[PDB]
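Peer 1: What follows is a single structure, and I will ask about it in a moment.
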Amino acid sequence: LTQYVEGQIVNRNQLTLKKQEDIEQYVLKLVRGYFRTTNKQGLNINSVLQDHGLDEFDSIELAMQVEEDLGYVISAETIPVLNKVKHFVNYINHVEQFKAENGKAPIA
Amino acid sequence: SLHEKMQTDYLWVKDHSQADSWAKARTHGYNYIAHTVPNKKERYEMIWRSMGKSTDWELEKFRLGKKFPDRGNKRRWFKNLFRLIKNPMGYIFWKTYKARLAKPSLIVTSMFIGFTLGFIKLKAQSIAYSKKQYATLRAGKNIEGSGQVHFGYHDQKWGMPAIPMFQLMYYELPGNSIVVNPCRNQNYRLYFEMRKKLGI
Amino acid sequence: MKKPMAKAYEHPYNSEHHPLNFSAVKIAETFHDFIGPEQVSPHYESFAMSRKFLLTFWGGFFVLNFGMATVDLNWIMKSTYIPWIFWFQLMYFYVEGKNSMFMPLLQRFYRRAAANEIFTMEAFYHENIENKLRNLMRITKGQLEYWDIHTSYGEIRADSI
Amino acid sequence: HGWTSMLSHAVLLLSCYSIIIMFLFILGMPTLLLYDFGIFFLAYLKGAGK
Amino acid sequence: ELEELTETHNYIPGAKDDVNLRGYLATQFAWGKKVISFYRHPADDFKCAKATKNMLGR
Amino acid sequence: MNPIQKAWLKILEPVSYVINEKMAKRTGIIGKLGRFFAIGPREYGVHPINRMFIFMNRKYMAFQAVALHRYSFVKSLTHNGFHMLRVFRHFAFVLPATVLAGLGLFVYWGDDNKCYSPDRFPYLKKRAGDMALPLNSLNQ
Amino acid sequence: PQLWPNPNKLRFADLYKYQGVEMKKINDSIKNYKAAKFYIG
Amino acid sequence: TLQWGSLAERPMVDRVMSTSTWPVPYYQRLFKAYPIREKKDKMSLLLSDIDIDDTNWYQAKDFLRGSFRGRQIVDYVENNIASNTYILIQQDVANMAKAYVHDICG
Amino acid sequence: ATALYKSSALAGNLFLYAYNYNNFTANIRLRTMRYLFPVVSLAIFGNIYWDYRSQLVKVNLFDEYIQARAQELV
Amino acid sequence: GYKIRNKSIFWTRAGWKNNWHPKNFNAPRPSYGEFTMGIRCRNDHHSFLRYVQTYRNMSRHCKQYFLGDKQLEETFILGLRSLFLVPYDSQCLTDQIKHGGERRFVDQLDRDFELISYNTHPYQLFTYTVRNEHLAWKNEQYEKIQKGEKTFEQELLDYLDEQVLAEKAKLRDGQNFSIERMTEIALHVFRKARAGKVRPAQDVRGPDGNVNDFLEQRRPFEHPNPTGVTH
Ligand SMILES: CCCCCCCCCCCCCCCCCC(=O)OC[C@H](COP(=O)([O-])OCC(O)COP(=O)([O-])OC[C@@H](COC(=O)CCCCCCCCCCCCCCCCC)OC(=O)CCCCCCCCCCCCCCCCC)OC(=O)CCCCCCCCCCCCCCCCC
Ligand SMILES: CCCCCCCCCCCCCCCCCC(=O)OC[C@H](COP(=O)([O-])OCC(O)COP(=O)([O-])OC[C@@H](COC(=O)CCCCCCCCCCCCCCCCC)OC(=O)CCCCCCCCCCCCCCCCC)OC(=O)CCCCCCCCCCCCCCCCC
Ligand SMILES: CCCCCCCCCCCCCCCCCC(=O)OC[C@H](COP(=O)([O-])OCC(O)COP(=O)([O-])OC[C@@H](COC(=O)CCCCCCCCCCCCCCCCC)OC(=O)CCCCCCCCCCCCCCCCC)OC(=O)CCCCCCCCCCCCCCCCC
Ligand SMILES: CCCCCCCCCCCCCCCCCC(=O)OC[C@H](COP(=O)([O-])OCC(O)COP(=O)([O-])OC[C@@H](COC(=O)CCCCCCCCCCCCCCCCC)OC(=O)CCCCCCCCCCCCCCCCC)OC(=O)CCCCCCCCCCCCCCCCC
Ligand SMILES: CCCCCCCCCCCCCCCCCC(=O)OC[C@H](COP(=O)([O-])OCC(O)COP(=O)([O-])OC[C@@H](COC(=O)CCCCCCCCCCCCCCCCC)OC(=O)CCCCCCCCCCCCCCCCC)OC(=O)CCCCCCCCCCCCCCCCC
Ligand SMILES: CCCCCCCCCCCCCCCCCC(=O)OC[C@H](COP(=O)([O-])OCC[N+](C)(C)C)OC(=O)CCCCCCCCCCCCCCCCC
Ligand SMILES: COC1=C(OC)C(=O)C(C/C=C(\C)CC/C=C(\C)CC/C=C(\C)CC/C=C(\C)CC/C=C(\C)CC/C=C(/C)CC/C=C(\C)CCC=C(C)C)=C(C)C1=O
């Protein structure tokens with residue numbers, strides 16, 4: 001549960017959003033933090049990642065960071081469909097709703 | 001760098017003679033002359049120019065002065081012999097680099113190695129035959145002449161021609177295949193029976 | 001200045017004298033340590049031509065040494081006759097006969113001609129790479145012209161008023 | 001084979017073994033190919049029956 | 001990069017080079033003039049085999 | 001410079017003082033003799049035999065890495081991993097087995113190391129002073 | 001820079017504690033010898 | 001020519017001097033000696049003719065962030081510039097001229 | 001002398017592995033040597049020690065027989 | 001310079017500069033369903049998702065040994081993308097490769113990740129060495145700045161700033177200080193500084209045609225026997 005951060009071991013924390021407004025604010029902060037993202041302030045809920053300097057491989061790095069913060073296990077079949085900010089928000093809702101009903105994480 | 005002077009001195013040998021420290025003994029190039037190079041006559045002109053500048057083109061001074069050998073070439077054959085013993089493969093590699101720039105075909109290289117190793121193989125058999133003649137001499141047969149190329153009325157055996165035809169039909173006698181008969185091991189039956197008789 | 005990291009990861013099974021992975025470069029380094037540096041002669045004449053008489057003595061000494069030692073030298077000469085005739089008549093065409101008979105077999109020449117051209121390309125490496133940069137530098141200089149125009153707008157706006 | 005003249009008492013030792021190696025592994029190439037075809041291997045060779 | 005070609009057993013010269021210019025210089029007069037295909041590994045084998053109604057899979 | 005050369009220095013420390021400080025600068029012949037047998041860093045002190053091993057070890061190891069790094073014959077039998085048609089899969093373990101057999105290259109060198117030499121004919125010639133004997137000497 | 005070791009102008013104590021590129025290779029080989037104690041053992 | 005002399009004097013014909021010195025050392029140097037495998041302070045010569053790419057703006061930010069003015073430039077560009085890439089290429093003066101007519105009205 | 005040479009040659013293999021420990025251990029391309037080096041080394045030691053041990057038993061049987069048989073003939 | 005003169009240099013039996021589908025006898029041919037009994041083929045439609053998972057594996061398994069170095073992670077990402085963007089930008093028509101270019105590259109990248117998972121890939125060992133040499137130099141600068149001392153890089157920057165003032169104060173006729181003139185000022189200082197350092201000889205030949213090595217000592221012979229160590 002611990003990771004190196006600039007040569008120092010730091011305890012990593014996990015997030016539990018469970019709310020639509022918390023999901024949108026997290027995803028926006030997630031994409032803005034990525035070093036390849038352009039026009040960070042022009043980024044809105046309906047922003048296409050291709051319009052901000054992101055390609056299919058940058059979506060993998062973004063999804064890899066979601067598994068770090070939220071603790072998800074996202075399969076490789078789902079990653080290539082995450083091409084908008086809206087897609088990350090709807091996917092996070094689908095995972096939390098799936099775990100609230102099925103009592104287990106989605107298939108990985 | 002830091003370890004350059006130490007490592008360069010450790011890797012290679014330098015010249016310890018101070019032959020050229022003496023001014024008048026320095027050669028003009030007339031001691032070891034190249035005879036067949038295409039610029040041969042340009043070498044002689046430079047030697048003549050060196051002799052003329054030393055005497056201000058009054059060569060009578062050279063005739064009256066003493067002539068010296070090339071002291072820088074002293075003990076050069078010994079120095080190459082010591083480098084050959086120090087690193088034989090490194091000496092051979094660099095002395096043959098210019099010659100090995102032209103590489104003959106795989107066929108020619110194989111012919112060189114084949115005939116060379118084949119000649120050494122015949123030499124080894126010739127040495128072994130000399131030991132046979134020494135054993136024959138000690139066994140009581142005096143030997144006139146030498147070798148196995150019988151001049152008289154005897155059969156000769158020339159040695160296997162180093163071509164695949166004879167190398168498929170014949171092969172040399174391997175001495176390690178001549179063994180003591182395994183019936184020798186049956187004498188150990190005497191030991192097993194003796195041990196039981198003695199209650200061992 | 002922010003304090004940087006103390007060090008990166010240090011691999012426990014990789015060293016300079018014992019590199020973990022293999023290539024011809026490390027083998028080339030150990031090869032030249034073995035054969036040593038290029039044995040540069042400092043003299044005015046080569047060693048063979050200066051000692052022709054002496055090397056001829058030692059050349060014939062070992063010939064006589066082998067000749068005096070080999071008492072059955074005639075048996076070796078006769079034993080070598082058959083393979084000498086056989087291998088030379090068999091490989092004559094592939095070595096020499098092809099140069100004036102049925103087929104040239106220029107495969108080995110094609111390898112010399114390609115390598116001779118690469119020798120020239122390496123000799124002109126600095127020239128060819130410098131011409132390629134002249135076009136990239138031209139593109140870079142063209143993009144830097146927009147900043148030169150902008151730096152004069154403040155002077156233009158002031159002089160226009 | 002000239003460089004192997006002193007490696008044994010037979011100059012053609014490596015050639016005599018290689019001709020057997022060449023025979024065995026070439027003989028096994030068709031056998032492994034039929035194994036790759038599977039149980040249908042006969043249909044790959046002759047085709048459909050009549 | 002030379003160690004990467006060796007450790008992955010990509011020992012076909014010029015396989016990962018987009019323009020194997022050395023491969024073209026070596027085959028200027030070769031029979032069946034061809035250069036290695038891009039990123040060809042010496043171990044991969046894409047051979048197939050089919051059984052048809054005719055012989056030899058035709 | 002190696003530990004064996006440094007061990008010689010501590011033993012020859014007083015000898016180096018007599019040669020380098022006293023003899024190497026006294027005068028005349030004693031000076032020339034002391035400057036010739038001076039003690040210090042070995043000029044041309046590299047050991048080519050050490051270097052011959054390092055080169056040949058590295059070159060033979062790169063060959064071991066290639067011959068031992070093969071795709072498995074067993075894994076290709078099911079046609080479910082990476083190999084559908086491999087008509088020469090039965091050659092996959094020849095090079096690995098050949099490199100592993102090279103470990104006994106020096107252990108079994110010559111005839112004496114592959115058998116019990118006293119039961120062979122060549123042993124009798126060595127005990128006879130490397131002398132030729134009749135081929136049936138082991139029987140008589 | 002000017003204090004770099006010279007094979008001619010060298011002290012006895014400096015040569016004994018030189019520790020050059022030859023020793024750096026050996027120290028790497030020694031690390032392999034020590035790490036192989038359990039395997040060889 | 002193809003007739004250069006005897007075999008013993010073959011290594012003699014190779015040397016070509018740039019000075020007038022006599023006698024001339026015959027040996028023609030083949031390579032440069034490389035006794036110590038030292039890591040060169042020189043940058044790699046592979047970085048020769050690579051076109052513009054992502055490493056140019058990534059290193060520009062790293063060197064700009066070493067200054068106070070550069071830190072302001074980087075922050076404003078990555079936040080308040082509507083561009084789909086950091087590889088900025090000026091192919092027209094549309095954004096420049098329209099920024100001047102919207103400014104000189106005062 | 002044979003048993004001593006083959007023991008020194010086997011010791012040479014252990015040095016070859018130790019001198020190249022990092023490559024034989026960390027490089028997966030040499031995994032087969034790392035795995036099967038101890039199996040081959042045990043077989044080599046097995047042959048060396050088997051030959052020495054069997055030779056030693058045969059010498060003891062010979063020595064004890066010539067002494068027992070000599071006393072009977074006396 | 002020198003240009004290839006053979007106009008047919010890039011000609012192959014399959015076309016100009018064709019390194020995607022070389023011409024061979026056993027050419028691919030179609031299969032007809034109604035006439036095919038059985039088939040043995042290894043091709044599938046799994047390369048796309050395998051390409052995505054391989055990128056995630058190579059990225060995440062390499063970041064294990066970065067010690068949280070954020071700049072190194074971002075630099076490694078740029079390098080990792082350059083490895084995966086090869087088939088998308090190459091001159092070679094990767095979509096026309098003989099037996100499926102997608103499968104070929106995915107299997108090729110899997111061999112790289114296998115080495116990466118063991119932390120033995122040469123790109124990894126090269127990254128640790130390059131980063132250690134870089135951080136050692138950054139730590140040297142940090143220790144000099146904490147001590148109030150001026151770094152060698154700041155001395156040149158300060159020295160180059162006063163050179164531009166001196167040149168633009170004497171160049172009053174023209175007032176266009178181009179980047180060409182700015183460059184040759186720095187290069188004149190860089191050459192003088194590089195020649196000042198005690199560096200190993202990089203060029204083959206010095207001012208004369210002779211080589212700059214320790215082996216380039218010819219006659220005249222003027223060196224005595226080597227002297228021993230002093231006590
Ligand atoms: C009363 C009681 C006492 C009685 C005493 C009686 C005796 C009197 C004693 C004194 C006698 C001499 C008088 C003084 C002479 C001074 C002359 C001089 O100024 O120096 C010239 C000469 C100049 O040499 P240099 O100019 O520096 O270099 C030579 C050239 O540059 C060339 O260098 P290079 O590199 O080109 O090599 C070529 C060289 C040599 O190159 C060679 O090829 C020779 C190879 C020889 C070694 C190999 C031998 C083969 C067998 C062994 C194999 C080796 C294998 C190694 C490799 C392993 C296998 C791969 O060619 C030479 O032969 C040079 C020799 C000197 C020239 C003389 C004319 C030579 C023609 C005759 C040739 C036949 C003899 C050759 C002997 C060579 C000995 C060095 O220096 C000497 O000769 C030094 C000799 C003085 C030594 C004094 C030792 C103490 C004296 C007392 C000893 C007590 C002995 C008791 C005996 C008891 C009775 C049995
Ligand atoms: C010898 C004269 C009589 C003696 C009197 C002394 C005369 C004073 C001079 C003596 C001093 C120099 C001695 C000659 C040296 C050669 C001359 C030279 O340097 O020229 C540069 C020469 C470059 O040649 P190039 O003419 O500039 O261009 C050639 C082109 O590549 C392609 O050229 P190409 O396309 O036009 O033709 C291909 C081929 C031309 O085709 C051939 O050369 C045919 C070669 C076929 C095989 C011949 C085997 C020789 C027999 C040896 C077997 C033992 C002898 C006893 C048994 C037989 C009895 C007859 O090229 C060549 O090989 C050129 C060499 C031709 C002349 C030299 C041939 C000598 C053969 C001996 C003649 C008979 C001697 C009887 C022995 C007498 C003893 C009492 O250097 C060479 O590389 C060629 C030499 C042979 C190298 C082959 C590769 C050997 C690699 C061995 C690797 C294994 C070693 C392991 C290391 C060992 C442990 C550390
Ligand atoms: C899918 C396609 C097929 C698969 C392709 C994959 C092949 C991979 C190739 C990779 C190359 C190997 C890489 C490593 C080699 C590097 C070292 C080297 O040897 O290069 C030589 C290197 C290159 O030579 P080169 O001068 O450039 O000439 C190159 C070629 O010859 C070209 O020059 P050329 O055009 O002027 O040659 C004309 C040619 C003209 O030849 C012809 O026109 C017709 C030839 C018909 C042959 C007739 C056979 C008769 C059989 C009768 C047998 C009776 C006795 C049998 C007894 C057995 C028991 C009953 O005649 C020759 O001179 C041929 C040269 C000797 C050939 C020896 C092997 C022949 C059979 C090859 C088996 C492969 C078959 C593949 C299937 C191909 C089907 C199309 O030169 C050197 O010698 C330097 C290296 C020093 C070597 C000396 C010691 C050699 C021993 C150690 C070598 C290394 C270990 C062994 C490896 C294999 C060697 C045999
Ligand atoms: C001196 C030496 C001489 C010989 C030299 C060579 C030595 C031999 C080595 C060669 C290789 C042998 C190793 C084979 C490994 C096989 C492993 C395996 O079992 O995997 C299964 C595998 C089959 O799976 P698959 O093909 O991948 O796909 C199957 C489908 O998924 C399935 O689709 P499906 O479900 O629609 O199919 C339905 C079913 C249909 O099956 C049927 O046809 C049914 C048959 C009728 C059953 C009885 C019905 C009874 C009805 C009763 C009714 C009761 C109900 C009554 C009413 C109810 C009452 C209330 O098919 C099957 O499932 C059966 C396939 C497997 C059959 C077994 C084939 C291997 C038998 C080998 C026997 C001998 C082995 C000795 C080896 C000893 C070890 C050394 O077997 C094979 O692949 C066989 C390949 C054979 C190729 C090699 C042939 C080489 C040629 C040899 C002769 C060369 C002569 C010339 C020599 C020249 C000099 C060299
Ligand atoms: C009680 C103790 C404690 C127990 C509990 C703890 C221990 C538990 C187990 C621990 C681990 C054990 C390790 C093994 C299990 C590993 C499981 C696994 O998943 O690994 C997968 C593993 C994964 O692959 P990889 O990691 O990528 O690479 C694996 C290897 O690097 C190499 O992979 P590869 O695929 O490349 O290897 C291929 C090689 C593998 O090597 C072998 O397995 C040797 C095979 C020799 C036998 C071949 C049988 C042929 C058909 C015979 C049919 C009848 C059988 C009757 C036998 C009767 C015997 C008298 O086989 C071949 O070379 C195939 C070609 C053979 C040439 C042609 C010969 C066939 C035709 C013969 C015709 C002659 C007769 C004709 C007439 C017949 C009469 C009518 O693959 C393996 O199989 C690993 C094998 C490792 C070697 C293990 C043994 C080391 C040596 C130990 C001492 C000797 C013991 C074995 C002796 C066997 C009898 C000779
Ligand atoms: C030297 C010591 C080591 C020796 C190792 C062997 C070295 C071999 C060197 C490489 C030569 C390989 C020749 C391959 C064929 C090249 C010619 C060609 O491509 O044909 C094009 C030819 C020629 O077309 P072309 O256009 O290229 O040439 C035209 C010719 N002229 C110019 C004269 C008009 O076209 C064909 O398609 C014919 C195909 C015939 C196939 C013949 C080869 C079949 C055998 C190859 C497989 C062998 C595998 C053996 C493996 C054994 C394993 C157990
Ligand atoms: C394991 O994988 C493998 C490799 O690694 C990848 C290989 O490199 C290789 C290739 C092998 C090589 C490159 C090695 C080749 C070596 C060969 C052929 C033989 C070497 C022979 C010599 C160097 C000659 C040395 C001469 C002698 C031993 C005779 C004189 C006796 C001497 C000098 C020793 C005296 C005897 C003793 C018992 C005392 C021992 C002395 C010491 C231990 C002193 C050491 C002192 C210190 C301070 C270390 C293989 C085959 C391999 O399988």
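Chain lettering (A, B, ...) mirrors the order of the structure tokens, residue numbering begins at 1 for each chain separately, and ligand numbering begins at 1 in order of display.
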Set the cut-off to 6 Å and count only C-alpha atoms: what are the residues of chain B that reach chain C? Output as a PyMOL selection string.

Peer 2: chain B and resi 90+147+158-159+161-163

Peer 1: Residues as selected, N, CA and C atoms, written as an mmCIF file, in the first residue's frame, can you do that?

Peer 2:
```
data_model
loop_
_atom_site.group_PDB
_atom_site.id
_atom_site.type_symbol
_atom_site.label_atom_id
_atom_site.label_comp_id
_atom_site.auth_asym_id
_atom_site.auth_seq_id
_atom_site.Cartn_x
_atom_site.Cartn_y
_atom_site.Cartn_z
ATOM 1 N N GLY B 90 49.310 -11.228 -29.820
ATOM 2 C CA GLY B 90 49.223 -9.805 -30.092
ATOM 3 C C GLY B 90 50.292 -9.334 -31.055
ATOM 4 N N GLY B 147 64.353 -44.663 -42.030
ATOM 5 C CA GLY B 147 63.101 -44.468 -42.717
ATOM 6 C C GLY B 147 62.438 -45.779 -43.075
ATOM 7 N N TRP B 158 52.941 -45.861 -47.629
ATOM 8 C CA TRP B 158 53.228 -44.441 -47.779
ATOM 9 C C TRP B 158 52.520 -43.551 -46.774
ATOM 10 N N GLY B 159 51.444 -44.007 -46.181
ATOM 11 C CA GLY B 159 50.668 -43.125 -45.339
ATOM 12 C C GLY B 159 49.388 -42.691 -46.019
ATOM 13 N N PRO B 161 46.587 -41.097 -47.835
ATOM 14 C CA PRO B 161 46.383 -39.865 -48.600
ATOM 15 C C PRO B 161 45.269 -39.040 -47.979
ATOM 16 N N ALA B 162 45.556 -37.765 -47.743
ATOM 17 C CA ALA B 162 44.631 -36.915 -47.015
ATOM 18 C C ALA B 162 43.501 -36.453 -47.920
ATOM 19 N N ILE B 163 42.817 -37.407 -48.540
ATOM 20 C CA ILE B 163 41.651 -37.123 -49.363
ATOM 21 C C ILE B 163 40.492 -37.958 -48.833
#
```

Peer 1: Could you report the residues within 8 Å of ligand 2, using only C-alpha atoms and all ligand atoms, as a VMD selection string?

Peer 2: (chain B and resid 88 to 89 92 96 98 to 105 108 to 119) or (chain C and resid 63 77 80 84 88 95 to 96) or (chain H and resid 7)

Peer 1: Could you list, as a compact mmCIF listing (two decimals) with N, CA and C atoms, in the first residue's frame, all the residues within 8 Å of ligand 6, counting only C-alpha atoms and all ligand atoms?

Peer 2:
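Generated output (pocket-v4.txt):
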```txt
# COMPACT_ATOMS: atom_id res chain seq x y z
N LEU B 106 37.12 -19.16 -48.48
CA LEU B 106 37.02 -20.25 -47.52
C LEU B 106 37.74 -21.49 -48.01
N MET D 22 21.71 -35.34 -40.45
CA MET D 22 20.92 -34.81 -41.55
C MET D 22 19.83 -35.79 -41.97
N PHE D 25 16.85 -36.06 -38.83
CA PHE D 25 15.98 -34.91 -38.62
C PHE D 25 15.18 -34.57 -39.87
N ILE D 26 15.71 -34.89 -41.04
CA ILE D 26 14.93 -34.75 -42.27
C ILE D 26 13.84 -35.81 -42.32
N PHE E 29 23.07 -7.18 -56.30
CA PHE E 29 23.20 -8.13 -57.39
C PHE E 29 22.82 -9.53 -56.94
N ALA E 30 22.00 -9.63 -55.91
CA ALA E 30 21.59 -10.92 -55.38
C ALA E 30 20.48 -11.54 -56.21
N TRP E 31 20.45 -12.87 -56.21
CA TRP E 31 19.38 -13.61 -56.86
C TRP E 31 18.14 -13.61 -55.98
N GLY E 32 16.99 -13.36 -56.58
CA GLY E 32 15.79 -13.15 -55.80
C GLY E 32 15.95 -11.97 -54.87
N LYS E 33 16.24 -10.81 -55.46
CA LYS E 33 16.59 -9.63 -54.67
C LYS E 33 15.48 -9.29 -53.70
N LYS E 34 15.79 -9.33 -52.41
CA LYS E 34 14.82 -8.99 -51.39
C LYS E 34 15.54 -8.59 -50.12
N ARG J 13 12.26 -7.38 -55.81
CA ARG J 13 11.38 -8.12 -56.71
C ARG J 13 9.91 -7.82 -56.45
N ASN J 24 8.10 -14.12 -52.55
CA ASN J 24 8.59 -15.48 -52.46
C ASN J 24 7.61 -16.40 -53.18
N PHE J 25 8.02 -17.65 -53.37
CA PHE J 25 7.25 -18.57 -54.19
C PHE J 25 5.93 -18.93 -53.52
```

Peer 1: Which residues sit within 6 Å of ligand 1, counting only C-alpha atoms and all ligand atoms, listed as a list in words?

Peer 2: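 Answer in the requested format: residues 74, 75, 76, 77 and 78 of chain B.
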
Peer 1: Using only C-alpha atoms, which of J:221, J:66, J:10, J:20 sits nearest chain A?

Peer 2: J:66

Peer 1: Any idea which chain I residues end up within 12 Å of chain C if we count only C-alpha atoms, as a PDB file with N, CA and C atoms, in the first residue's frame please?

Peer 2:
```pdb
ATOM      1  N   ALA I  18      31.308 -19.007 -10.964  1.00  0.00           N
ATOM      2  CA  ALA I  18      31.466 -17.933  -9.996  1.00  0.00           C
ATOM      3  C   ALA I  18      31.934 -16.654 -10.671  1.00  0.00           C
ATOM      4  N   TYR I  19      32.868 -16.768 -11.617  1.00  0.00           N
ATOM      5  CA  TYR I  19      33.348 -15.585 -12.317  1.00  0.00           C
ATOM      6  C   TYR I  19      32.235 -14.929 -13.113  1.00  0.00           C
ATOM      7  N   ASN I  20      31.263 -15.716 -13.566  1.00  0.00           N
ATOM      8  CA  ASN I  20      30.135 -15.230 -14.344  1.00  0.00           C
ATOM      9  C   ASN I  20      28.823 -15.393 -13.583  1.00  0.00           C
ATOM     10  N   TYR I  21      28.839 -15.138 -12.275  1.00  0.00           N
ATOM     11  CA  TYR I  21      27.669 -15.431 -11.457  1.00  0.00           C
ATOM     12  C   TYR I  21      26.493 -14.538 -11.817  1.00  0.00           C
ATOM     13  N   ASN I  22      26.753 -13.257 -12.064  1.00  0.00           N
ATOM     14  CA  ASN I  22      25.673 -12.321 -12.329  1.00  0.00           C
ATOM     15  C   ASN I  22      24.964 -12.618 -13.640  1.00  0.00           C
ATOM     16  N   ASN I  23      25.687 -13.117 -14.638  1.00  0.00           N
ATOM     17  CA  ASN I  23      25.056 -13.420 -15.913  1.00  0.00           C
ATOM     18  C   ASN I  23      24.282 -14.729 -15.853  1.00  0.00           C
ATOM     19  N   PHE I  24      24.845 -15.743 -15.199  1.00  0.00           N
ATOM     20  CA  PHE I  24      24.174 -17.028 -15.080  1.00  0.00           C
ATOM     21  C   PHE I  24      22.949 -16.964 -14.185  1.00  0.00           C
ATOM     22  N   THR I  25      22.899 -16.009 -13.262  1.00  0.00           N
ATOM     23  CA  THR I  25      21.819 -15.911 -12.293  1.00  0.00           C
ATOM     24  C   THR I  25      20.715 -14.952 -12.707  1.00  0.00           C
ATOM     25  N   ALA I  26      21.057 -13.797 -13.267  1.00  0.00           N
ATOM     26  CA  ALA I  26      20.061 -12.780 -13.567  1.00  0.00           C
ATOM     27  C   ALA I  26      19.582 -12.809 -15.007  1.00  0.00           C
ATOM     28  N   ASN I  27      20.433 -13.207 -15.945  1.00  0.00           N
ATOM     29  CA  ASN I  27      20.055 -13.260 -17.350  1.00  0.00           C
ATOM     30  C   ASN I  27      19.282 -14.542 -17.619  1.00  0.00           C
ATOM     31  N   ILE I  28      18.023 -14.399 -18.033  1.00  0.00           N
ATOM     32  CA  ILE I  28      17.170 -15.560 -18.231  1.00  0.00           C
ATOM     33  C   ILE I  28      17.584 -16.367 -19.448  1.00  0.00           C
ATOM     34  N   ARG I  29      18.353 -15.779 -20.361  1.00  0.00           N
ATOM     35  CA  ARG I  29      18.832 -16.540 -21.501  1.00  0.00           C
ATOM     36  C   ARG I  29      19.798 -17.642 -21.098  1.00  0.00           C
ATOM     37  N   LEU I  30      20.354 -17.579 -19.890  1.00  0.00           N
ATOM     38  CA  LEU I  30      21.252 -18.602 -19.382  1.00  0.00           C
ATOM     39  C   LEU I  30      20.603 -19.449 -18.295  1.00  0.00           C
TER      40      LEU I  30
END
```

Peer 1: Counting only C-alpha atoms, which residues of chain E sit at most 9 Å from some atom of chain C, and what is each one's closest atom pair with its distance in Å to one decimal, listed by chain and rising residue number, as a Markdown table?

Peer 2:
```
| residue | atom | partner | partner_atom | distance |
| --- | --- | --- | --- | --- |
| E:2 | CA | C:23 | CA | 6.4 |
| E:3 | CA | C:23 | CA | 5.4 |
| E:4 | CA | C:21 | CA | 8.6 |
| E:5 | CA | C:23 | CA | 9.0 |
| E:6 | CA | C:23 | CA | 6.8 |
| E:7 | CA | C:21 | CA | 7.2 |
| E:22 | CA | C:118 | CA | 8.7 |
| E:25 | CA | C:114 | CA | 5.8 |
| E:26 | CA | C:114 | CA | 6.2 |
| E:27 | CA | C:110 | CA | 8.5 |
| E:28 | CA | C:110 | CA | 8.0 |
| E:29 | CA | C:110 | CA | 7.2 |
| E:30 | CA | C:107 | CA | 8.3 |
```

Peer 1: Per DSSP on the backbone, what are the strand (DSSP E or B) residues of chain E, as a PyMOL selection string?

Peer 2: chain E and resi 49-52
